[PDB]
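Quick setup: one chain, the form deposited in one PDB entry, written in structure tokens, and binding and motion questions come after.
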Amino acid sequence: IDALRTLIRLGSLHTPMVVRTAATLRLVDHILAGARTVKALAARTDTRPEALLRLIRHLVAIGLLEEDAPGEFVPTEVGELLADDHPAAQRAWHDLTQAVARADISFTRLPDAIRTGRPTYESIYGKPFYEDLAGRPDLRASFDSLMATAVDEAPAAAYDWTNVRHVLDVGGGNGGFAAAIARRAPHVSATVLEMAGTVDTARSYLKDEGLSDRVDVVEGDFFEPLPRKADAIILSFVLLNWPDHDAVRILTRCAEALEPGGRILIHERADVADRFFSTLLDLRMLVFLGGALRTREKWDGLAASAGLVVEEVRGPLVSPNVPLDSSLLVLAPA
């Protein structure tokens, strides 16, 4: 009977949907904003009081809410992470109208991705992942914000920027990694290569950090010739989005733009308790994009195809509000 309870709990689809539904309704923020009754809570969220209580009941049973006084539910320690100002952003990561939780519906067709090795995102939303964001500015922004989370300081501190002149952050996102280098290395100029939409939140984030004279942004496709050369080329959580043959192409473009003596830095999670979140990231890449997490041995193959060699891998990098450690692989020409 212990085994039965364990399997039912593990296989249950209603619990993560309860968490996600609570996040989308901003339930915890409404509690913290003074909604002390279910009546108040249903009004602020425009839901049915009878139905909202049945959701609160599961939220209590899984330890996200507690009933303090009768009919008064407040967040627990774990439940407070759904507050919108919490620096782990777990509410937005669970908001069904934001990009990742909406992407997560691709897991409902996991059998197909396991049969074919292809992502299931397109069969649900009409377009592959990044094409879908390209037509949905709310999701583009939303995804950009999730990706962005001060938090990339560990990778930057794991590399000596003494002899680095120009840094190119390929698929750099909102430019936080580039910013973390500029703060660390006062002599480097940096450039972010990013897609439409993103380049403007990158430009605004870089401006508001006071660094728009240290880091420019260029709109482009990193499968095409890169806009310029550099001594350090940054691929922070990019290649895991791509099958082997597309990652080779990206790496090849980086190699063609690498200055003499330069290095390509890959900031990712090497495939090896932590296994729970490793496999969650890895299967996400399967069903969203057709990508994957890769072992060190697999990394040697990809670099070899690109005419590169894995020079070194700098050990586990810990970050705030992040349950998975990171690595920095340094690549050189073959």
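Under this definition, the rigid core comprises the largest set of C-alpha atoms superposing within 1.5 Å between the forms. Numbers for residues come from their place in the sequence shown, where the first is 1.
Keep in mind that the form deposited in another entry is missing from the display, and what follows is about it.
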### Message
Relative to the superposed rigid core, does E256 relocate between the shown form and the other one - that is, does its Cα move 2 Å or more?
### Response
yes
### Query
Taking the rigid core as the reference frame, is the Cα of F222 displaced by 2 Å or more between the shown form and the other one?
yes
### Task
Note yes or no: does the Cα of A196 move by 2 Å or more between the shown form and the other one after the core is superposed?
yes
